[PDB]
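[1] no FASTA, just this:
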């Protein structure tokens, strides 16, 4: 219908009621197709599991909590583009941190 980031996961996309997650795959222009949709939001999560962090923690981490086993990731919602020889329903490309990354359907 329209690309929506999962309310529970800043690393997932809720599109057509289907669920697509982004690992880390650099998508070159030769594999990239054409422009699909434009984004304009940013989120922060702990990449270990994908736990979204609130905007109140985006600056004030913790002063004693020892985040030594918590690895935040700040992903900027970049525009979406298609992939040559692949449907959006299986896999597509998303501009993440100015780098187009491959997202693949997942069931969670």
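    Received the coordinates, thanks. Numbers count the residues shown, from 1 in each chain.
[2] which residue of this structure sits farthest from its center?
    Here the chain reaches farthest from its C-alpha mean at residue 64, the gap being 29.4 Å by C-alpha atoms, centre = their mean.
[3] That one is in what secondary structure piece?
    For residue 64, there is no helix or strand it lies in under DSSP states H and E.
[4] ditto for the one 10 residues further on
    Using DSSP H and E, residue 74 falls within strand 72-83.
[5] Assumed residue 30 was part of a helix.
    No: using DSSP: H, G, I helix; E, B strand; the rest coil, the secondary structure at residue 30 is coil, not a helix.
[6] Please list all residues in contact with the residue nearest to it when sequence neighbours are not counted.
    Using C-beta to C-beta, 6 or more residues apart in numbering and skipping the chain neighbours, the partner closest in space to residue 30 is residue 84 (7.6 Å). For the C-beta atoms, the positions are set from N, CA and C on the backbone; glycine is no exception. Counting by C-beta atoms under 8 Å, 6 or more residues apart in numbering, residue 84 touches 30, 31, 32, 33.
[7] Quickly note the distance from the residue lying closest to the last one once chain neighbours are set aside to residue 50.
    The spatial neighbour of residue 33 that comes closest, neighbours along the chain excluded (C-beta to C-beta, 6+ apart), is residue 82 at 3.3 Å. Applying C-beta to C-beta, to the nearest Å, one obtains 25 Å for the distance of residue 82 from residue 50.
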